[PDB]
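Written out below as structure tokens is the structure these notes cover.
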Amino acid sequence: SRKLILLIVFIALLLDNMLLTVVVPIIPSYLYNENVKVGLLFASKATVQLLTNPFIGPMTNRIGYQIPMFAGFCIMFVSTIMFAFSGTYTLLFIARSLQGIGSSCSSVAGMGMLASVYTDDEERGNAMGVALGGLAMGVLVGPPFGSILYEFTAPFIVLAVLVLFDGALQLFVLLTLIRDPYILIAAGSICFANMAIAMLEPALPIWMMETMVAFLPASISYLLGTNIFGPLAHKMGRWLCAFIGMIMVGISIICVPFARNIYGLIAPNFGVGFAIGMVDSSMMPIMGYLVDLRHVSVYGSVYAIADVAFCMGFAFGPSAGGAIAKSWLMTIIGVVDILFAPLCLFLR
């Protein structure tokens with residue numbers, strides 16, 4: 001009976017990630033400082049998520065999480081269809097903002113409900129690793145499915161008919177500020193670990209073009225690592241797992257950029273994806289453990305902070321891409337990550 005909530009969270013996360021990733025190959029200018037607006041097109045979702053999550057945080061504790069879940073389903077259902085008839089780019093920006101706030105609400109409600117239903121550490125870790133694996137599956141299957149169905153209304157009909165079953169199942173089933181660094185360390189670690197891939201995402205096509213599917217190895221590694229290295233981390237402490245993951249991602253990021261040939265350039269992305277997935281999966285339940293240590297037993301605000309840290313990198317990663325490219329390696333994030341790694345060496 002308890003696995004129904006996990007299934008609902010899985011479906012919601014997969015749906016949100018699939019909707020997010022389908023926008024990558026198709027652009028409003030493609031279908032017909034322009035690149036600045038193109039970047040803003042996908043930056044708007046992250047910015048509105050960051051702006052909206054903290055305000056909708058405490059409402060979960062004030063009222064509940066099932067009603068926010070139903071509202072997230074409703075807003076997703078009313079927002080997805082609008083992509084079918086798009087007139088102007090500003091309408092696309094508005095649709096992106098609505099989808100972003102809906103995804104934020106759905107994710108926070110799902111994480112809160114999943115944290116509240118299970119009070120056991122290893123089961124909680126397994127459930128959240130399953131959620132992360134579902135996110136990985138969605139981000140992996142988005143682009144190819146969208147690309148193949150673009151040729152064979154048509155681009156989004158499958159999603160429009162898929163949301164219906166999830167909505168029907170969901171319908172049928174029915175202190176703000178912290179000065180403690182013990183959560184801030186995890187927030188910063190996950191923020192930088194996500195900022196690494198956020199910065200790596202747009203820079204690679206520049207090298208590909210100047211040297212004459214890029215994120216597929218990374219997604220494959222993420223999916224094949226998260227679910228397989230999640231549960232085993234409970235056997236021992238979180239020190240070694242997080243430290244090794246941070247060291248691995250730092251080494252991979254430092255070694256990836258320079259490449260004499262491009263055929264083997266995709267191989268380091270496997271290491272990057274494995275490292276980011278391992279770090280995220282290992283670090284996710286530590287916040288819940290700290291909440292259990294804390295007097296407050298409501299996980300809504302801490303998971304809201306976690307999501308804010310998750311989306312901080314997506315907010316303005318590619319904002320300074322051209323300036324960084326014009327600007328000794330162009331990427332130095334690995335050094336920052338490795339020097340910040342020993343901060344989380346000691347844990348309760």
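How things are named: the first chain in the structure tokens is A, the next is B, and so on; residues count from 1 in each chain; ligands count from 1 in the order shown.
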
Under the rule of at most 12 Å, produce a per-residue listing of range 153-258 of chain A near range 23-39 of chain A: chain, number, name, the closest pair of atoms, and the distance in Å, as a tab-separated table, using only C-alpha atoms.
residue	atom	partner	partner_atom	distance
A:155	CA	A:26	CA	9.8
A:156	CA	A:23	CA	10.7
A:201	CA	A:24	CA	11.4
A:202	CA	A:39	CA	9.6
A:213	CA	A:25	CA	11.0
A:215	CA	A:24	CA	11.6

Restricting it to N, CA, C and O atoms, dump the selection as an mmCIF file, in the first residue's frame.
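Output contents, as saved in out_30.cif:
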data_model
loop_
_atom_site.group_PDB
_atom_site.id
_atom_site.type_symbol
_atom_site.label_atom_id
_atom_site.label_comp_id
_atom_site.auth_asym_id
_atom_site.auth_seq_id
_atom_site.Cartn_x
_atom_site.Cartn_y
_atom_site.Cartn_z
ATOM 1 N N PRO A 155 4.132 16.297 -31.989
ATOM 2 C CA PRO A 155 5.236 16.159 -31.023
ATOM 3 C C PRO A 155 4.793 15.851 -29.602
ATOM 4 O O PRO A 155 5.523 15.162 -28.878
ATOM 5 N N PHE A 156 3.629 16.334 -29.173
ATOM 6 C CA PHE A 156 3.232 16.246 -27.773
ATOM 7 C C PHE A 156 1.981 15.410 -27.538
ATOM 8 O O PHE A 156 1.483 15.382 -26.409
ATOM 9 N N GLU A 201 27.330 21.548 -20.001
ATOM 10 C CA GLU A 201 26.331 21.286 -21.037
ATOM 11 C C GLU A 201 26.474 22.173 -22.271
ATOM 12 O O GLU A 201 26.493 21.630 -23.389
ATOM 13 N N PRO A 202 26.574 23.505 -22.168
ATOM 14 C CA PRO A 202 26.600 24.305 -23.404
ATOM 15 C C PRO A 202 27.992 24.498 -23.981
ATOM 16 O O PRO A 202 28.120 24.878 -25.151
ATOM 17 N N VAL A 213 23.351 13.613 -28.395
ATOM 18 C CA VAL A 213 24.238 12.459 -28.393
ATOM 19 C C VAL A 213 25.452 12.725 -27.511
ATOM 20 O O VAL A 213 26.154 11.798 -27.111
ATOM 21 N N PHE A 215 25.282 14.185 -24.453
ATOM 22 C CA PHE A 215 24.895 13.890 -23.082
ATOM 23 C C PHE A 215 24.351 12.478 -22.906
ATOM 24 O O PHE A 215 23.985 12.107 -21.784
#

All residues 10 Å or closer to range 334-347 of chain A, only C-alpha atoms, same chain fewer than 5 positions away omitted, as JSON, numbers by chain: {"A": [182, 185, 186, 188, 189, 192, 193, 196, 237, 238, 239, 240, 241, 242, 243, 244, 245, 246, 247, 248, 249, 250, 251, 252, 253, 254, 255, 286]}

What would the file look like if the residues just selected were written as a short mmCIF file (atom, residue, chain, number, x, y, z; two decimals), in the first residue's frame with N, CA and C atoms?
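File written: out33.cif
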data_model
loop_
_atom_site.label_atom_id
_atom_site.label_comp_id
_atom_site.auth_asym_id
_atom_site.auth_seq_id
_atom_site.Cartn_x
_atom_site.Cartn_y
_atom_site.Cartn_z
N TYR A 182 25.64 22.53 9.15
CA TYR A 182 25.58 21.09 8.90
C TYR A 182 24.66 20.73 7.74
N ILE A 185 26.52 22.61 4.26
CA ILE A 185 27.59 21.87 3.59
C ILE A 185 27.02 21.00 2.48
N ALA A 186 25.95 20.25 2.79
CA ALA A 186 25.32 19.42 1.77
C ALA A 186 24.70 20.27 0.67
N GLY A 188 25.66 23.25 -0.42
CA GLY A 188 26.72 23.72 -1.30
C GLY A 188 27.34 22.62 -2.13
N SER A 189 27.52 21.44 -1.53
CA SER A 189 28.11 20.32 -2.26
C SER A 189 27.23 19.93 -3.44
N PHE A 192 27.26 22.71 -6.19
CA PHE A 192 28.44 22.73 -7.05
C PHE A 192 28.50 21.49 -7.94
N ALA A 193 28.10 20.33 -7.42
CA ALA A 193 28.12 19.12 -8.22
C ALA A 193 27.15 19.22 -9.40
N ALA A 196 28.57 21.80 -12.04
CA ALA A 196 29.56 21.24 -12.94
C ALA A 196 28.94 20.82 -14.27
N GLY A 237 29.54 4.34 6.61
CA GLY A 237 29.27 5.75 6.80
C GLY A 237 29.27 6.53 5.49
N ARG A 238 28.74 7.75 5.57
CA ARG A 238 28.63 8.62 4.41
C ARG A 238 29.90 9.39 4.12
N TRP A 239 30.90 9.32 5.00
CA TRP A 239 32.14 10.06 4.79
C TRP A 239 32.82 9.61 3.50
N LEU A 240 33.20 8.34 3.44
CA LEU A 240 34.00 7.84 2.32
C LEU A 240 33.25 7.94 1.01
N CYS A 241 31.95 7.64 1.02
CA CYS A 241 31.18 7.66 -0.22
C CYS A 241 31.15 9.06 -0.83
N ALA A 242 30.76 10.05 -0.03
CA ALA A 242 30.69 11.42 -0.54
C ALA A 242 32.07 11.94 -0.93
N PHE A 243 33.09 11.66 -0.11
CA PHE A 243 34.43 12.15 -0.41
C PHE A 243 34.95 11.55 -1.71
N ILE A 244 34.77 10.24 -1.90
CA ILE A 244 35.22 9.59 -3.12
C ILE A 244 34.45 10.10 -4.32
N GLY A 245 33.14 10.32 -4.17
CA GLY A 245 32.37 10.86 -5.28
C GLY A 245 32.84 12.25 -5.69
N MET A 246 33.10 13.12 -4.71
CA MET A 246 33.58 14.45 -5.03
C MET A 246 34.96 14.41 -5.68
N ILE A 247 35.85 13.56 -5.17
CA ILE A 247 37.17 13.44 -5.78
C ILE A 247 37.05 12.93 -7.21
N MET A 248 36.18 11.95 -7.43
CA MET A 248 36.00 11.39 -8.77
C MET A 248 35.46 12.42 -9.74
N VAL A 249 34.45 13.19 -9.32
CA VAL A 249 33.90 14.19 -10.23
C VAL A 249 34.92 15.29 -10.51
N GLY A 250 35.70 15.67 -9.50
CA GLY A 250 36.74 16.66 -9.73
C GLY A 250 37.79 16.18 -10.72
N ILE A 251 38.26 14.95 -10.55
CA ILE A 251 39.25 14.40 -11.47
C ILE A 251 38.68 14.30 -12.88
N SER A 252 37.44 13.83 -13.01
CA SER A 252 36.83 13.70 -14.33
C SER A 252 36.69 15.06 -15.00
N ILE A 253 36.24 16.08 -14.25
CA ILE A 253 36.05 17.40 -14.84
C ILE A 253 37.39 18.01 -15.24
N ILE A 254 38.43 17.79 -14.44
CA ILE A 254 39.74 18.32 -14.78
C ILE A 254 40.31 17.62 -16.01
N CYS A 255 40.06 16.31 -16.14
CA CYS A 255 40.66 15.55 -17.23
C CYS A 255 39.85 15.60 -18.52
N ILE A 286 21.02 12.33 3.87
CA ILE A 286 21.71 12.95 4.99
C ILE A 286 20.89 14.11 5.54
#

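The nearest approach to residue 149 in chain A among the residues A:329, A:278, A:315, A:22, with only C-alpha atoms taken into account, belongs to A:22.
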
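Among the candidate residues A:187, A:159, A:91, A:206, the one lying nearest to residue 146 in chain A is A:159, with distances computed using only C-alpha atoms.
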
So which residues touch residue 2 in chain A within 12 Å, counting only C-alpha atoms, skipping near sequence neighbours fewer than 5 positions away, as a PyMOL selection string? chain A and resi 7-9+113-118+123+127+173

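Comparing A:72, A:54, A:138, A:205 by their smallest distance to residue 167 in chain A, the closest is A:72 (using only C-alpha atoms).
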
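Nearest-residue note for residue 332 in chain A: choosing from A:21, A:200, A:304, A:184, the minimum distance belongs to A:200, counting only C-alpha atoms.
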
For CA of residue 326 in chain A and CA of residue 267 in chain A, quote the distance in Å rounded to one decimal. 26.1 Å

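For the choices A:218, A:74, A:199, A:272, the atom-to-atom distance to residue 313 in chain A is smallest for A:199 when using only C-alpha atoms.
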
Atomic separation - CA of residue 307 in chain A relative to CA of residue 235 in chain A, Å: 26.3 Å

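If you count only C-alpha atoms and ignore residues fewer than 3 places along the chain from residue 222 in chain A, what sits within 6 Å of it is residues 219, 225, 226, 273, 274 and 277 of chain A.
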
Could you turn the residues from that selection into a file that holds N, CA and C atoms, as a tab-separated table (two decimals), in the first residue's frame?
chain	number	residue	atom	x	y	z
A	219	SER	N	23.99	10.50	-19.35
A	219	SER	CA	22.71	10.00	-18.86
A	219	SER	C	22.77	8.50	-18.60
A	225	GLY	N	24.42	4.13	-12.53
A	225	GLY	CA	25.13	4.25	-11.27
A	225	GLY	C	24.25	4.56	-10.07
A	226	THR	N	23.23	5.41	-10.26
A	226	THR	CA	22.42	5.84	-9.13
A	226	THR	C	21.76	4.66	-8.42
A	273	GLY	N	29.09	11.36	-15.12
A	273	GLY	CA	27.73	10.98	-14.76
A	273	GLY	C	27.68	10.05	-13.57
A	274	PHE	N	28.57	9.05	-13.54
A	274	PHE	CA	28.62	8.15	-12.40
A	274	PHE	C	28.91	8.92	-11.11
A	277	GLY	N	25.86	11.22	-10.07
A	277	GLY	CA	24.78	10.39	-9.55
A	277	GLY	C	25.09	9.81	-8.19

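Of the listed residues (A:81, A:4, A:262, A:169), A:262 comes nearest to residue 210 in chain A; the distances count only C-alpha atoms.
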
Shell of 9 Å around residue 303 in chain A, only C-alpha atoms, local chain residues under 6 positions omitted, as a count of residues only: 6

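Of note, CA of residue 158 in chain A and CA of residue 98 in chain A are spaced 20.1 Å apart.
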
Do a neighbour search on range 43-50 of chain A at 10 Å with only C-alpha atoms, toss out local chain neighbours closer than 5 positions, and write the hits as a ChimeraX atom specification. /A:20,37-38,55,93-105,304-305,307-319

Export C-alpha atoms of the chosen residues as a PDB file, in the first residue's frame?
ATOM      1  CA  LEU A  20      11.716  19.367 -19.852  1.00  0.00           C
ATOM      2  CA  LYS A  37      17.074  34.999 -25.515  1.00  0.00           C
ATOM      3  CA  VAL A  38      17.531  31.338 -26.476  1.00  0.00           C
ATOM      4  CA  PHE A  55       7.349  30.620  -0.596  1.00  0.00           C
ATOM      5  CA  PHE A  93       8.462  31.838 -21.890  1.00  0.00           C
ATOM      6  CA  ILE A  94       5.181  32.011 -19.961  1.00  0.00           C
ATOM      7  CA  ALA A  95       4.511  28.322 -20.639  1.00  0.00           C
ATOM      8  CA  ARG A  96       8.025  27.501 -19.423  1.00  0.00           C
ATOM      9  CA  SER A  97       7.455  29.461 -16.202  1.00  0.00           C
ATOM     10  CA  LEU A  98       4.145  27.682 -15.580  1.00  0.00           C
ATOM     11  CA  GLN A  99       5.737  24.288 -16.225  1.00  0.00           C
ATOM     12  CA  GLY A 100       8.613  25.179 -13.905  1.00  0.00           C
ATOM     13  CA  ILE A 101       6.387  26.190 -11.000  1.00  0.00           C
ATOM     14  CA  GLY A 102       4.253  23.088 -11.532  1.00  0.00           C
ATOM     15  CA  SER A 103       7.327  20.850 -11.532  1.00  0.00           C
ATOM     16  CA  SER A 104       8.634  22.542  -8.382  1.00  0.00           C
ATOM     17  CA  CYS A 105       5.314  21.990  -6.602  1.00  0.00           C
ATOM     18  CA  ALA A 304      12.810  22.978  -0.271  1.00  0.00           C
ATOM     19  CA  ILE A 305      16.333  24.187   0.524  1.00  0.00           C
ATOM     20  CA  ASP A 307      15.669  21.783  -4.323  1.00  0.00           C
ATOM     21  CA  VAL A 308      16.801  25.426  -4.286  1.00  0.00           C
ATOM     22  CA  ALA A 309      20.414  24.255  -4.133  1.00  0.00           C
ATOM     23  CA  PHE A 310      19.654  21.763  -6.917  1.00  0.00           C
ATOM     24  CA  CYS A 311      18.269  24.477  -9.212  1.00  0.00           C
ATOM     25  CA  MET A 312      20.789  27.204  -8.309  1.00  0.00           C
ATOM     26  CA  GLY A 313      23.278  25.932 -10.883  1.00  0.00           C
ATOM     27  CA  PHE A 314      20.626  25.609 -13.582  1.00  0.00           C
ATOM     28  CA  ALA A 315      19.591  29.194 -12.818  1.00  0.00           C
ATOM     29  CA  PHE A 316      22.697  30.845 -14.267  1.00  0.00           C
ATOM     30  CA  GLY A 317      25.168  28.225 -15.457  1.00  0.00           C
ATOM     31  CA  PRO A 318      25.281  29.077 -19.173  1.00  0.00           C
ATOM     32  CA  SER A 319      24.752  32.808 -18.527  1.00  0.00           C
TER      33      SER A 319
END

Which residues in range 228-316 of chain A does DSSP call alpha helix (DSSP H)? List them as a VMD selection string. chain A and resid 228 to 229 238 to 255 267 to 293 300 to 316

Near-residue 285 in chain A list (8 Å; only C-alpha atoms; drop same-chain fewer than 3 positions) as number ranges by chain: A: 121, 124-125, 128, 281-282, 288-289

Please produce a file of those selected residues containing C-alpha atoms, as a short mmCIF file (atom, residue, chain, number, x, y, z; two decimals), in the first residue's frame.
data_model
loop_
_atom_site.label_atom_id
_atom_site.label_comp_id
_atom_site.auth_asym_id
_atom_site.auth_seq_id
_atom_site.Cartn_x
_atom_site.Cartn_y
_atom_site.Cartn_z
CA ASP A 121 16.91 5.19 6.91
CA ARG A 124 14.18 6.08 2.65
CA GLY A 125 17.52 5.99 0.85
CA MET A 128 14.91 8.42 -3.02
CA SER A 281 22.19 9.64 -4.17
CA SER A 282 24.52 9.40 -1.17
CA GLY A 288 16.53 13.76 6.35
CA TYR A 289 18.86 12.27 8.96
#
